[PDB]
């Protein structure tokens, strides 16, 4: 996508000077019960070379849920970026309510965004094929993260459905060496996580490269303002 002059303009306005706390997009918008928000300060973490913060990540993951529904793409559940550290630190009981009113096992793909010491990565849980994969643009392994996530699934299933998983029919993958790393910039780690999640959620092979990130950051500022993926 080469961008419109007006697109460019609105993107430059959203990233330029003004009140850091000014709310630029909310999903669902006023009046709705809370309510993801993006302020000017958060949307500035999309300036090139800046690291994305949790508010950008969660807002974008959520646009993927809406988009998947509108396009006939697979049923997508995305967890908060706060879900995994809370589960790692405090166990199933601490997060059991974070799926209230949802039957996780009637979805098809689950995305778990993972913030690690200094970078973003992603776990995809593919319910159709009983598979978990850890995608990390700095090439780290996450078979530990995955096993914690699989345990959570058995714990959800036993609690919410009173049934057990057979964890033997379930399998971990970490990517092979050339399935898209870039360790040169953990600045772009959050963009990789969001694009990984965008393609994975559509069953689309992951073919973009590092060269596209600056354009993807500008596109994502417009997507967030307009709550619509391009």
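C-alpha atoms forming the largest set that superposes within 1.5 Å between two forms make up the rigid core. Residue numbers count along the first chain shown, from 1.
A fit on the rigid core, followed by a root mean square over CA positions in 4 other deposited structures of this protein, ranks 45-53 against 169-177 and picks 169-177 as the more shifted one. Take 179-187 and 197-205, fit the other structures onto the shown form by the rigid core, and average the C-alpha distances in 4 other deposited structures of this protein: the farther stretch is 179-187. Higher mean CA temperature factor, per the PDB entry, when comparing 27-35 with 187-195: 27-35. Note on 62, 163, 53, 44: the highest value goes to 163, judged by CA B factor as recorded. Looking at the C-alpha B-factors along this chain, the one for residue 214 belongs to the lowest third. Ranked against the other modelled residues of its chain, the C-alpha B-factor of residue 151 as given in the entry falls in the middle third. Ranked by Cα temperature factor within the chain, residue 93 sits in the middle third according to the deposited record. Ranked within its chain, residue 113 lands in the lowest third, by CA B factor from the PDB record. The PDB entry assigns residue 83 a C-alpha temperature factor belonging to the lowest third of its chain's modelled residues.
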